[PDB]
Amino acid sequence: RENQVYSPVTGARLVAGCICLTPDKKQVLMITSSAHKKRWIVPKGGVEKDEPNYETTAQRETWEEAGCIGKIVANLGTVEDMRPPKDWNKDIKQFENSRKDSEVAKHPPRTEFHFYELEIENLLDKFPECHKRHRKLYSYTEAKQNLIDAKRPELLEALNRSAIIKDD
Ligand SMILES: O=P(O)(O)O[C@H]1[C@@H](OP(=O)(O)O)[C@H](OP(=O)(O)O)[C@@H](OP(=O)(O)OP(=O)(O)O)[C@H](OP(=O)(O)O)[C@H]1OP(=O)(O)O
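Heads up, the sequence shown is in the authors' numbering, so the first residue is 20 and it goes up one at a time.
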């Protein structure tokens, strides 16, 4: 429903999420997509009109989607979902070409993500989406490949800004 908040500039939907790390920072918590049962992503969801800050949305979504509780130790800033609209590929105009580079035709972002780094304090076996998704820890290398397989580079960018140990 329209409790959703949008960028007043780009009309992008405003989303907050967490990069949930283990205390040793060797692993990150991932959840399976609802629409696509095999795509592994990280907890995130739409900011609602009542919510006073992005941290609120991020910790609410981390609980609802991944039954995870922890403390926010870092602001990982913003990343954007620059996937083109559903209109794309049945359009006449598709790409915009430079002399030494190629780009997708200029379009507004779908989503603006505000990500936080969380240190996991507890994982509970029961949470609101406990039967709708799976949830598992992955090393950096495993995590990175999951996000490419999920076709979500903006989520990998968020992961890369975290303190996750990448030497594994
Ligand atoms: O609201 P959210 O943040 O929880 O995200 C929902 C959904 O939002 P909605 O509330 O408007 O339905 C997204 O729709 P858009 O905002 O992109 O239009 C959808 O992205 P999509 O276009 O299908 O793209 P992909 O599935 O190919 O990535 C996303 O798929 P995932 O991120 O892969 O899981 C879903 O995640 P969730 O259901 O939690 O697993």
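The beta carbon of each residue, even a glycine, is placed where N, CA and C say it ideally should be.
{"Asked": "C-beta atoms of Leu166 and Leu174 nearer than 8 Å", "Found": "yes"}
{"Asked": "Three-state secondary structure (DSSP) of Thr41", "Found": "coil"}
{"Asked": "For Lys145 and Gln113, the rounded distance between their alpha carbons", "Found": "45 Å"}
{"Asked": "Any non-hydrogen atom of ligand 2 within 7 Å of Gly65 CB", "Found": "Of the ligands one can find in the structure shown, namely ligand 1, none is ligand 2."}
{"Asked": "Cβ neighbour criterion (16 or more within 10 Å) applied to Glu21", "Found": "exposed"}
{"Asked": "DSSP state of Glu148 mapped onto helix, strand, coil", "Found": "coil"}
{"Asked": "Beta-carbon gap between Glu80 and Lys68 smaller than 8 Å", "Found": "no"}
{"Asked": "Ligand 1 heavy atom lying under 7 Å from the CB of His150", "Found": "no"}
{"Asked": "C-alpha gap between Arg180 and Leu95, whole angstroms", "Found": "6 Å"}
{"Asked": "C-beta contact flag for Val47 and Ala177 at 8 Å", "Found": "no"}
{"Asked": "Delimiting residues of the alpha helix (DSSP H) encompassing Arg79", "Found": "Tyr73 to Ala85"}
{"Asked": "Supposed contact pair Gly65 and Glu140 - C-beta distance, whole angstroms, cut 8 Å", "Found": "About 25 Å separates the two Cβ atoms, so there is no contact after all."}
{"Asked": "DSSP state of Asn165 mapped onto helix, strand, coil", "Found": "helix"}
{"Asked": "Exposure label - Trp107; buried when at least 16 CB within 10 Å", "Found": "exposed"}
{"Asked": "Own chain residues within Cβ distance below 6 Å of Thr29, not counting five before or after", "Found": "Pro127 and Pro128"}
{"Asked": "Helix, strand or coil at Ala54 [DSSP, three-state]", "Found": "coil"}
{"Asked": "Assigned exposure category for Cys37 - 16 Cβ within 10 Å defines buried", "Found": "buried"}
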